[PDB]
Structure formats: C-alpha cells, structure tokens
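Participant: Have a look at this one.
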Amino acid sequence: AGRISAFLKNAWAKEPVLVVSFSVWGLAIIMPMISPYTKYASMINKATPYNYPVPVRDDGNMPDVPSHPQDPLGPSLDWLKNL
Amino acid sequence: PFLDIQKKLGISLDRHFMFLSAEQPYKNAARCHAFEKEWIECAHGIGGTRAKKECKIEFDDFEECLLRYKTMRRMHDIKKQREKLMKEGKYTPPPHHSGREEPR
Amino acid sequence: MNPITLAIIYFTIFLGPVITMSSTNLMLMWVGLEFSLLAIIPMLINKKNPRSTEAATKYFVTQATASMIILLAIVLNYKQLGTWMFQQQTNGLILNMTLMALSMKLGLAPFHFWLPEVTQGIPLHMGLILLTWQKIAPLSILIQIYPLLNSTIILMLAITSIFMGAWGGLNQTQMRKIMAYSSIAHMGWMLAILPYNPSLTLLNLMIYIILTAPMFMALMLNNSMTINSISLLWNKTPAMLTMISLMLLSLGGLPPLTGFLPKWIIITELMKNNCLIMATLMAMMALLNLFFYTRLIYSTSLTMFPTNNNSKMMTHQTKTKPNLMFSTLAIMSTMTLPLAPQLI
Amino acid sequence: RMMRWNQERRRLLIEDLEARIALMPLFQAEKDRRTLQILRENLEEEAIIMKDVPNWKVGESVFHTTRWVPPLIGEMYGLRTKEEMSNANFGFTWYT
Amino acid sequence: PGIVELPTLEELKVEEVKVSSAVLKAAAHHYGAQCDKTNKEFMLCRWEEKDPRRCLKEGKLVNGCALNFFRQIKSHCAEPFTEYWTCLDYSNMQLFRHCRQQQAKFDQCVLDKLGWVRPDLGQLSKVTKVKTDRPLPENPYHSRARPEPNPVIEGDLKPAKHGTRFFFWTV
Amino acid sequence: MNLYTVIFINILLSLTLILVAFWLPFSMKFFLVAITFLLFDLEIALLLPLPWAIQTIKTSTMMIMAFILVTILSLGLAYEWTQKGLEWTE
Amino acid sequence: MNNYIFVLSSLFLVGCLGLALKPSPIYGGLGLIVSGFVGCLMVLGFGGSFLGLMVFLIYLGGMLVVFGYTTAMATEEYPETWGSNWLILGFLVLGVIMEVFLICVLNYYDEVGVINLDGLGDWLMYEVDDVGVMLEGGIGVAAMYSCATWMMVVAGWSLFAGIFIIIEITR
Amino acid sequence: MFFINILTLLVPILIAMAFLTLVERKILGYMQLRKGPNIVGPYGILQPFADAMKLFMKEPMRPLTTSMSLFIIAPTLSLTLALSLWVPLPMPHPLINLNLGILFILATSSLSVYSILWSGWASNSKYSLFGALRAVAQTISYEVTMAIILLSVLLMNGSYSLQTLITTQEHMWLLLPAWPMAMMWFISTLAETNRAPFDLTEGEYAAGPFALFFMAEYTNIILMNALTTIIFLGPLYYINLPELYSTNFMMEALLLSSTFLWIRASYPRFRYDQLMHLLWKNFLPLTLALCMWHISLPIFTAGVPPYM
Amino acid sequence: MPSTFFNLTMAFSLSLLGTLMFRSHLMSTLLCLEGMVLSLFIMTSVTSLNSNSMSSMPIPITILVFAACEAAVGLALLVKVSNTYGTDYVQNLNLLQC
Ligand SMILES: CCCCCCCCCCCCCCCCCC(=O)OC[C@H](COP(=O)([O-])OCC(O)COP(=O)([O-])OC[C@@H](COC(=O)CCCCCCCCCCCCCCCCC)OC(=O)CCCCCCCCCCCCCCCCC)OC(=O)CCCCCCCCCCCCCCCCC
Ligand SMILES: CCCCCCCCCCCCCCCCCC(=O)OC[C@H](COP(=O)(O)OCCN)OC(=O)CCCCCCCCCCCCCCCCC
Ligand SMILES: CCCCCCCCCCCCCCCCCC(=O)OC[C@H](COP(=O)(O)OCCN)OC(=O)CCCCCCCCCCCCCCCCC
C-alpha cells in the first residue's frame, strides 16, 4: 500500500497527464456498469419510429394488440417523459 | 468455404451480408430483393449443376432487374423512332412531355 | 527483434491463410492475402542487406499487383450478380484474370521469374515458409472454385511450369533456386489435377511440404547454401546422408517412395479424363528433376569431395540442432507407400 | 444539463416522426396514382409512336414474373424533359 | 414476354387535397387518430398485395376521409389552425418547438368545438390490428413452384466390399 | 450549382490577383512521422461513423468495439514510444 | 448536365493515363490528386456524401500527402526528364484521341450496349425512397459497430500490426 | 441574388483580414508600450491599403531554378481554400447549408500541406526543403487532434452539421463540458496556422505570392476563431434575431482573434522537437481518453442525441 | 452507370499497364498501384449506391485501410532502396541473377 501509493504520488507529481489519461480510461470502462440510466439508451433508440408500423390482420386471437393508437393495450413510453 | 469452422461453431462473421436479399440496417430494401430471394429459394437444395438450368428464369429476371440492358435497349429504340418521326415531320410531342401540364 | 514484435508478426502470418480458408467473403480472403504479404516482408528484410531489400521489393510489387487484379475480379463479380461469391454465371474472363493473379501469387510459370531471385536473396527459414505456408491460401481460393475454371489455361500453365522448373534446376548450383524450381514443378502438378480432383492437389501439397521442410532443416544444419558446401556433409554430419538421398529421390518421384504416389494417381485421373498426352509429357519431363536430384545425391552421399582442414575443429565441436521433426517427417515422407489407399 | 436537454430533443424527434407516420398513407397513394398516370401517358404515346415498326408489342414486359416491378426514373422521365430528368437525379444532392 | 397491365386515366382521378406540408403537419397528430382506420386498411393492402394498382379503391377513400377532416376543420375552428400553420411555415425544418402556444389554442378550440384529444407520445408509432373483408393473397411474389430435391439415399451402413479396391492392396 | 459557382469565383479571384501581381509594373524521422500519421488517419476513418453508430440498439457492442479501437491504438502508441520513435535525438 | 458524370469519368481516365505515362513522382502525385478529386465528385453525384468526403480527408489529406513527402525527401529530379515529359505529353494527346475513336466505334457497335450515348443523362439513378429517412451511407459504414464487427477488428488489427512492421522494416 | 450573397460574404472577410493586420500591429505596440501606426490615415486605417499597393507594385524576382506551375498554384490554392472554408459557416444561416460541413472544413484545411510543400520543392535548395518538411510534419501531426476533438464533441449533437450546434447550445455553451477539449483545440489552431508560439516556418516569395499567403494566413485565423465561437461558445439564437446571433458571434470571434495576438506578444517560441513531443505525448493520450469518456457519457447517461 | 464503369475499368487497365511497364522509377509504379486502388474503391462505392445495399459499405473502408498499409510498406522499402543505392531506380536491383 505504502510503496504503491508513493509510486502514485511520484506519478501525480511527474506526469499528471498520463495519470489523468489512464483514470479517464478507467472511468469510461467502469461507469457504464454502475449507472442505472444505461438501459434507457437502448430503450429509446428502439422506441424511435424511423419506419412505418405495418399493421396486421384482426384474425380474432390477438387481444394484447390495439385497434387504434389511443388504446392502452399496447406499449406506452411515459417513462421517457418521466425521465 | 474451405474450412467450415464458422458453421461448426454455428456463428456468423462474414455470411450474413453477402447478397442483396440480406438484412439491411433500418429494414431498407435493396433493389432486386425479391428476384434474388426467389432465385436463392428456388436453387436451395439442388446446388449448382441443376440450378444453372432449371432455375434459370429467375436468374434471368434478376439479371434484368440488376443490369437493365433490355430496358435500356427498349427505351433507346423508342427514342430513335421518335427522333426519326420528329425529324421527318410525322409526329409531335404532347404538352406533359414538352414541359408543361397540371401536376399533382 | 523482440518477443512482442515476433509474436505479432507471426500471429499475422498464421492468421492470413486461416481467414482466407475460413471466410466465405472474397473480401476477407483478399484481407488474408494482404496480411500474409505485410507480415512476410519484414522477415525477408531482417538481415538488412542489398539482396534482401531487393527480394522484398520484388515480392511486394508482384504480390500487390496480383492482389489488385483479384480485387478487380471480385468487384466485377459484385457488379454482375450483387453477391460476394463466384457462382456458375460469372464471365469467364473474371475467373481467368483471377487465375492469372493466383498463379503469380504462387509462382507458376510464366509468372515465376521472381521466385528464385527472392528465395536466393532470402534466408532458409524464410524460404521454408514462403514455399510451404504461403501456398495454402491461394490454393484454397482455387479449390473453392474448381468446378468453374478453364482446363485449357490451367493445363498450359501446369505444363509450362513443369518444363521451366526442370530446365532451371538442371542449371542452378544453389540450393535455394533448386528448391524454388522444384516448388514450381509440384505446383504445376497440383494445378494440372485441380479441376478434376482437388483432393489430389491437397495430397501433393502435403507430400511436397513434408518433403521440403526436412530438406531445408538439413540445409540449415550447416547453412550449406551451395553444392560444394553440402558436399562436405560427409565430414561435418554424415548421419544425414541416408535420409537426404531418400528424400531427394522421393521428390524426384521414384516408384518405391511416397513422392511417387502423387504423380501416379494424378496420371490415373488424367487418364480417366483422357488427358493422356499431357500426362505423358509431364511424366517424361519429371525425369530431369530426378536427374538434377541424382547429381546432388552423388556429390553428397555416393562420392567424397575434397574437404577442408578447419572441418577438423568443426568435428571437435558438438551440436544439438536437428529436432525430432526432422526424423519424423523424413520417415513419413520416405516410407509411407504401403499406406497410399488411406492417403487417397 | 446536456443529458436533460438531449432527452427532450429525443422526445421532439419522436413527435416529428409520428407526424410523418400519420401523413405517409396519403403520400403513398398520391405517389402511386402519379406514377401510374406517368406510365399510362408514356404507353398511350408509345402506342402511336411505334405503330409502323415490325414485331413491336406495345406494353411488352421484359420479365417472366407477372408481378409488379417498380419502374426506373429513367423509364418514367425518359420521354419527358431533360430538366425533369436532372431534377430527378441531381435534385436533392444539389442543396435544395 | 407478357403484356403489362395498367389502369385507365378516367380512373386514378380524384379530388386531391392541394394543401401544403405545414398544414398537413399541423393537422397530422389529429389526422392520425381521426381517419386512422381507412389509412391502416390501405397501408395493409399496399403491403400484402405488393401492387399499387390493387389499392386505388382505398387510396380514393384516403383522400376522401382526409378532405372530410380538413372540412370539419374549416367549418369549425379555422383561425387558430391558420395562425398555427402560418407560424409553422416560418421555420425551415417546420418545427413544433416554436409554435407551442398557438398549438394550445388550436387544441383547446378543437377540444371545445369537437371531441378530438391529441395523441400522446408514442401512440401513433405502434402496430395496430386492422379488420376487413378482403382476403389474404396467396402467392404474392408469384412464387413459381419449387423443384424437387435430389432423392436422399437411406439405409443402414455396412463396410466396404473388399476394402479400398486400390491396386493390389487386399485390405 | 452553387458550390461550383463559389469555388469557381474563388479560383478566378486568386488567379486575377496573381496576374495583377505580374502585370502592374535524409532522416528517417520525418518518414516515421508520416507513417504514424497514416496509421492514425485511418483510425479517424474507422472512428468517424460513431454519430451514426450510437443511434443503434447494440450499445453494449458499440461501446466494446470503440473501446477496443482506442485501447489498441494507445498500446501501439506506447510501443512506438518505448522503442524511441518520438525522440528526434539523432 | 446529362454529360456531367461522363465528363467526370473521362477526366478520371485522363488522370490514370497521365499516371500510366510516368512523367515524374511529383506530377504523378498531382495527377493522382486530380483523379481523386474527380472520384469524390462522381461518388457524390451517385449520392456517396460520406464516402466522397472520406476520400477527400483520408486518401488525399493522408495518403498522397505522405507520398509527396517521401518523394521529396527520398527522390531527386534529373534534368533528362523534361524532354521526355514533353514527349509523353504528346503521347497523352495521342492517347486521348485514340480513346475518343474507341468510344465512337463502341457506340457504333453497341447502341444500348457498352454505352448508351442517347441515354447518357439517364441510367444514373435507378431507384430511391422518396419519403424515406435513414438511407444515407453513414448508416451503412456504421453497421461495422453493430453488425460486421469482424471487418472492424480486421482493419484495427492491420493498423495495429503496421506499427511493428514499419518499425522493424526501417530499423 | 446568390452572386450578391457571395460578394457580401467575400468582400467583408478580406477587409477584415486587411484590418486585422493593423489591429495586430496596434495591440502589439500598446503591449510593448508604444502606439503603432497613426499617420498614413486616421489611426492607421489606410496602412493596409498602402502596403497592398506597395507589394503589388513591386517587381517579382522569381527564382530562376523553379517551376512556374507550382509557383503560381500554391498561393492560388491557399487563398481558394481559405475562402471556400467560410462558405458553410452558420452566421446563423449559412450560404451553403451542408451536412458533413465540419468534415468539409477538415478536408479543405488539410489540403494546404500541398502548397506549403510544393513551394519548397519548387525553390531549388535544401534549407527551404528542410523547413517545408518540418512545417508539413507539424501541420499534419496537429490535424490528428483537430479531427479527434470534433469527433468526440460531435456526440453531444449527433450530426456533422454546423446548423445543429445552435440548438445544441440553445441553453448552455459546449465549453463547460469539453473545456479540456477546447484548450487542446484552441492550440492546434495556432500550430495548424503556424501561429506563434508555433511559427517555426516563419522565424522566400515575391510581392504577389507573399501577399496571397498573408491573406490566406489571416483569413484562416479569423475562421478558426469563428469555429471556436460556433462550437464551444454557442451564441444566442432567437429565431427572429439572426442580427443578435451575428453580433454575438462577431464579438466572440474578435475576442479570440485578439487572444491570438495577446499570445504572440506574451510568449516565446517553441523548439520543433518539443513542439512535436507536446502533441504526441500530452495531447494524444488525453484526446483518446476523453474520446472514450465522451463515447461512454451518452450511454451511462440517457442523453444520446438524435439524428434529424 | 455503364459508361462510368467502362471508363473506370479502362483507367484500372491503364494503371496496371503502367505498373507492368516500368520507366526507371518506383514511385511511378506505387502511384499506379494507388490509382488502381482508387478506381476499385470508386467502382465498389458506386455499385453499393446503385443497388442501395447499405450492408456492403464497409468494403471500401476495408480496402482503403489495407491499400494504405500496402503503400506504407512499399514506401518503406523504397526508402531503404534509396538509402542504400542513392536513387529509386530499377537497374540497380540487378542482383540475384547469380
Ligand atoms: C533396415 C531398415 C529397414 C526397415 C524397413 C524394412 C521394410 C519394412 C517391411 C517390408 C516393407 C513394408 C511391408 C508392407 C507392410 C504391409 C502394411 C500395409 O499397409 O499393407 C498391408 C495390407 C495387408 O497385407 P496382406 O498381404 O494381405 O497380409 C495379410 C496377413 O498376412 C494375413 O493375416 P492378417 O491380415 O490377419 O494379419 C495378422 C497380423 C498378426 O501379426 C502380428 O500382429 C504380430 C506383429 C509382430 C511384428 C514383428 C515382426 C516384424 C517383422 C518385420 C521385420 C522388419 C525388420 C525391422 C524390425 C526388427 C525386428 C527385430 O500380421 C501382421 O501383424 C503383419 C505385420 C506387418 C509387417 C510385416 C509384414 C507382414 C505382412 C504381410 C506383407 C508382407 C510384405 C509384402 C508387401 C508386398 C510389397 C509389394 O495390404 C496388403 O495387402 C499389402 C500391401 C503392401 C504393398 C506395399 C507396396 C510397397 C512395397 C515396396 C517396398 C517399400 C517398403 C518401404 C521401404 C522403403 C525403403 C526406403
Ligand atoms: C526391403 C524392400 C526394399 C525397398 C527399396 C529399398 C531402397 C534402397 C535402400 C536405400 C537405403 C540407403 C540409401 C542411402 C545410402 C546412404 C549412403 C551412406 O550412408 O553411406 C555413406 C556413409 C559412409 O560414411 P564414411 O565417412 O565413408 O565412413 C563411415 C562413417 N559413417 O555412410 C554413413 O556415414 C552413414 C552415417 C553413419 C551413422 C553411423 C552408422 C549407423 C548406420 C547408419 C546407416 C543406416 C543405413 C540403413 C540401411 C538399411 C538398408 C535397407
Ligand atoms: C489552377 C488552380 C487550381 C486550384 C484549385 C483548388 C480548388 C479546391 C477548392 C476546394 C475543394 C472543395 C471540395 C468540394 C467538395 C464538396 C463536398 C460537399 O459537401 O458537397 C456535397 C454537396 C451536398 O451534399 P450533402 O452535403 O452530402 O447533402 C446535401 C443534401 N441537402 O453535393 C454536391 O455534390 C454538390 C456538387 C459538387 C460540387 C463540388 C465542386 C467543388 C469545386 C470544384 C473545383 C473545380 C476546380 C477545377 C478542377 C480541379 C482539377 C481537376
């Protein structure tokens, strides 16, 4: 602990730039696992409608899919607003 | 290939974006998607010697939709006859071809 | 050269052909070829002498032009069919350009003039690789498209290669140029049998490799890059003659030895296909390879040449060079005819 | 602050794309009718342009498929004006 | 070979909207809730049956049910809509971010004089189920029938008859 | 047409000025620098499409690949450094 | 403007001809630069914004730059090359005229074949989504990071190992 | 109308360069405890015209061992690029609205090495070639960071367009974030423009060519500072007040262009070796690190920007 | 498309002709090789954009990377040749004929 901490202080004095580079590298590779707001990125980029939602036939057995944009049977991204 | 280690491990490094009928990023369709799909689906399972002869109508359709030599030739014949007629004074273009109409 | 550099360069040398053989995309095949070239040049030029630099330059230029032509073939096929793989509908000119490029990559005649010069300017462990490991990717690309090739140009290339290899080895006094021309000849045999049966191309490939590796190792034992230098082998290391002679006869293709079987079965298939005239020409012109291998067997194992004095101190010194692979491969290459039905 | 701003930007983008969605059908129908009328005009002209030629079927497809094949802009604006052709090809790549 | 088939000019002839982009965009979010069924039916026809020449009977209904919307809008509550789309057309990307209060005017006016609520975020960008009497098309690609695959050999394996039969090699 | 007009105008103006002007009266270090610049400019080429790649769904994959790129580039830099390739002391 | 892409391709042809003829390693660099400028212009004509600007910023700004750099620092201009330069300029003129006659004969032999001079301005764009977003070239060149990561690792490895290769070659 | 717009764009930037010369001289004088030009015209506003007349009236002693082609197309190229860079700039609306505009800037900036190198290879010597090689290496090296900085900062606005940064900074400058990327960008503008302390190439041309080189230099200076203002110091944009946006942009660009001269008067020069060490050992590590940081930030934050 | 592709192929052929015909330099061959590279890049990008196949755009990028690497090693070899002989000439590489 002592030897390595003295090494790190020697660095912090001599080449702070290398220390900062490596520490930013570590932060980059580490924070995306700590953060809770990560998943929401994929969620959003999925929620973006760059295409037409081609509908499907009402063949009777499909109760969990709506017949109109204003029905609550389908997905609803109010979490985006609440974000 | 020569060493089907890909198919052995059941993975895909290079064999999912080979041709036009494959998956494009935002579902964007390629030009000859249907023709190529039909050619492949019809040549699947009889590979090679057979598909070069008994799956040839679909290959001809794909070739035409991709290279369009026949369409080029058709339009060129039409335009040549039309130029000859205009030169000799036996036909006049209509307004929408001349550059004026009521558009939509 | 440090361990990290060595590891990176040799991992690339190994990865090139592996990508070529494991990829379905011609672009990735081309990538593998480029890897091979990039990672081979430094090893050629390691010594940093004029001859090595010249060899590296020649190799680079030739292989780069060839790769460009291959990529042109790929691009043309792509514009023609939308797919990145050759099918039964590609304009034969595309495939013949591809074959020319692959032949220049391999060293076939009349695209061979660079191989002896380069091998000469290059050391031994590098000729070994250049002539064994650098023939596997360009041959794989051909094995994948053997049903749709031009037997005419293939046979012309093969027979030209046989002839020029014989008529070069007859004259060269340098081990490395002799090996180059032998490579040319065997690759000609391979190409000849390719469009009819590629399993036999692969057979002859493995036979030639098993026969070449231990020969280059024998040479590297004393760095005897010349006939008058390898003749002193009877005083330097005479326990290697009993095997050099047999391996050279096998290369020549003498009946009772492994090296025969390739020619024999290839001639058989060509006869089944009515290529008897070509098979006859090739079988008659391989005897010159056998000739200038016998001329070496003489100077090495059947007659003692004028030796030197300091060879006495060379005798005083011990040695630990020839690892087990020498014996293993030489035996497998000289005494494995009784097992031909399995190798087939 | 940049996070909280770009999220609202995302919501606005979704709004605009939803407007696009709601509109598209109208546009697709209009476009279909337009291109069909274009091809019909070209055919009605070719009919008399190429009457006296030998062995010329008027409206002869180059396919054995029997299904719909979207036409090329060359096919459409080939008999129309060169400025129309240039607006079709080099019209969006030329900065409005 | 094969004479292409097209429709006449008398048909595919309909009263277009002749209305502009800013207008359609200011009226979209309400035009996506109202007049949605006859739009989904058409965007199902045009995708099941890949030919447009088989959905004119639906495109005409689209145009009609859009004119009815833009006519309700004129009858009731024209001025807020006019000012809203005039403010929209000022920008270049025709953005909703600048015209937010005129939009509230339009929305309150339409909600009082009619029963239209504005679709919330994401409501138009879903995949709804639509119903119709029209049947599903068999062979939409006109998929010429497939060939028959090579008849597969089958039978319990047994060793080779007399070995490899390579020259004079007994086994 | 507009870009063409502007660039043509600029070229004309430059040539006009330069006409009026007349009418009124071996070390391997630089090579290694160029090579390093090549090997970083190609990395820029492989790195530029991030504004389009970060719009995708495979975020766990873009993260990975971009980190791989940057890390191995930094390692190559460090090796060129240790081997005295950034010194200039002939 | 129907002759636009044809003129561009012809200028590319002339540049590669002035390469084939070898004036000197510096005028050759200028010819390469011109040919690359024209190549980018034609890629943009075909719609390749990203591809063309990348050509600009990497091929010219990165490759031809070091070409001229290595040329100046490791090449000497010898006086003989000037007369031969004029000679090969005349050679270039002759080649241009031969190519013109070649194109004439090919048009005479294949009207709708090799080159449809009648259909020059046409057959540039075959199809395009008119109402479509997300169809540029960056959307494809950025696939590498989600699909086709194999290509990205390949290229990164080539560049990585190039460092070691060059340090070992120069040393 | 478009030609009129082109005139309105070109004439003022040339005037602004011609007077930036005078501003430099006066500022350096007052920092050196002197006045600067006062005589030729009121406060000196005629000195640039006087100098232009003088130069263009001199007699060109064109080196005999040279090549007229590379002698004429080098400054032509320099000025052409220095002028065509100003085209896409949103001030706030651009003359040419491009997507990939910053990429066009990168490329049309990297294309000057050709002139700065052909001039040397034309001048038949070895000292001039040495200087040209060194300057080319410097410019090249700093282009790397000039590119990566933007590559990492264009992830707070998911587009290579310059008309998106306005709305990206509609609420806060891009300086508070990326102030470590600016400090590295503000400098690569000096070294790229061979501006002190990075003037190891001007510390061999006739009147007209020297004048064109001068024009190109100062135009590029103003433009680099304008890019800084637009990117890291996003000014005010009220949809109805392009006048306001332009006023603020001008003010900030003048601040920056005066800072350049502040520096020229304040600091010594560098040594080519130390100048290259600077980049390759302080700016590239930090640049790559912050690049990874800014690739991760929009992910572990849900603030990934849009593609319009 | 047909015309521009014909001209691009003619240009590739001309550059290959230049490679196969040396004129006492080596830079004048590396430049022909790079011209070939450029022509292939352009043809590939043009076919991609014509077919609207966005699943094939990485290919120009890859070939550009690898052509760059090839050019780098070629330039290094040329540099060594100059460092040793004094000229990027091809009559000086007359060794290995023995
Ligand atoms: C100084 C150094 C020199 C060293 C090398 C010396 C040369 C080696 C020996 C001679 C050459 C090789 C002989 C071929 C072996 C056959 C293997 C095979 O693949 O085919 C068998 C297989 C079946 O053989 P088969 O004739 O039907 O026999 C059926 C059984 O007899 C019927 O009963 P079964 O089938 O149920 O078998 C029961 C089994 C039960 O036995 C056991 O398990 C007991 C095992 C104890 C073994 C110990 C005794 C070793 C005796 C050999 C002594 C060698 C000296 C070195 C050892 C020192 C010992 C102190 O029998 C065996 O184990 C057989 C042992 C095999 C080795 C001995 C040969 C006997 C086999 C009969 C063939 C005789 C050779 C004729 C070949 C014809 C050539 C045209 O295929 C064949 O039909 C024969 C084809 C072989 C043709 C070869 C063509 C090339 C010939 C040219 C000569 C080149 C040789 C290489 C020399 C190169 C010089 C540079
Ligand atoms: C059965 C079916 C038949 C199928 C066809 C068979 C094909 C024919 C078989 C050919 C086998 C031999 C062919 C190669 C000939 C080798 C020539 C040779 O080795 O003799 C020369 C050399 C003499 O050396 P020298 O300096 O003169 O004095 C003796 C010191 N050793 O000798 C040497 O120096 C050798 C090295 C000395 C090592 C110490 C001695 C140990 C024994 C080594 C030799 C082993 C030979 C085995 C012979 C088996 C024959 C089948
Ligand atoms: C003798 C002295 C010699 C010195 C000469 C030096 C001149 C160099 C001048 C700088 C070079 C500028 C490079 C221009 C590249 C243009 C890149 C670009 O972004 O244009 C693309 C443009 C818009 O496309 P995009 O932004 O992707 O999206 C638009 C959709 N709304 O879409 C387009 O494609 C627009 C059409 C392309 C216009 C480009 C024309 C550039 C100027 C031509 C210069 C000609 C000079 C003479 C010939 C050069 C040598 C052969």
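In the structure tokens, each chain is lettered A, B, ... as it comes, each chain's residues begin at 1, and ligands are numbered from 1 in order of appearance.
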Set the distance at 10 Å and use only C-alpha atoms: which residues neighbour residue 27 in chain B once local chain neighbours fewer than 4 positions away are removed? I'd like the list as a ChimeraX atom specification.

Facilitator: /A:50-51 /B:22-23 /G:134-135

Participant: Please identify all polymer residues within 7 Å of range 1-15 of chain E, counting only C-alpha atoms, omitting same-chain residues fewer than 2 positions from it, and present them as a tab-separated table (two decimals) with C-alpha atoms, in the first residue's frame.

Facilitator:
chain	number	residue	atom	x	y	z
D	33	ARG	CA	-51.53	7.39	-58.67
D	37	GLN	CA	-50.54	8.06	-64.66
D	40	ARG	CA	-50.08	5.37	-68.76
D	59	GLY	CA	-46.51	-2.68	-73.45
D	60	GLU	CA	-44.20	-5.70	-73.55
D	61	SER	CA	-42.65	-6.51	-70.19
D	62	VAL	CA	-39.04	-7.69	-70.08
D	63	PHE	CA	-39.87	-10.20	-67.32
D	64	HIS	CA	-41.46	-13.64	-67.00
E	17	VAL	CA	-56.12	17.91	-51.24
E	56	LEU	CA	-56.82	2.57	-55.74
E	60	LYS	CA	-59.51	7.29	-53.05

Participant: Given only C-alpha atoms as the basis, pick out the residue of G:92, G:30, G:166, G:100 nearest to chain I.

Facilitator: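 Once distances to chain I are computed over only C-alpha atoms, the minimum belongs to G:166.
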
Participant: One number please: CA of residue 26 in chain B to CA of residue 301 in chain H, in Å, one decimal.

Facilitator: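 That distance, rounded to one decimal, is 24.3 Å.
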
Participant: Tell me as number ranges by chain which residues belonging to chain F come within 9 Å of chain I, counting only C-alpha atoms.

Facilitator: F: 26, 28, 31, 35, 38-39, 42-43, 45-46

Participant: Please write out the residues within 6 Å of ligand 1 as a ChimeraX atom specification, counting only C-alpha atoms and all ligand atoms.

Facilitator: /C:256,334-335,337-339 /E:169-171

Participant: Taking only C-alpha atoms and all ligand atoms and a cut-off of 6 Å, can you tell me which residues surround ligand 2, written as number ranges by chain?

Facilitator: C: 234, 238-239, 241-242, 245, 301

Participant: Please extract the residues at most 7 Å from ligand 3, counting only C-alpha atoms and all ligand atoms, and provide them as number ranges by chain, using the chain letters and residue numbers of this document.

Facilitator: D: 92-96; F: 1, 3-4, 7-8, 11; G: 34, 37-38, 41, 44-45, 49, 53; H: 73, 76-77, 80-81, 84, 98-101, 104, 108

Participant: Neighbours of residue 49 in chain D within 7 Å (only C-alpha atoms; same-chain residues fewer than 3 positions away dropped), as a PyMOL selection string?

Facilitator: (chain B and resi 82) or (chain D and resi 45-46)

Participant: If you count only C-alpha atoms, which residues fall within 9 Å of residue 131 in chain H, apart from same-chain ones fewer than 5 positions away, as a VMD selection string?

Facilitator: chain H and resid 120 126 136 200 to 201
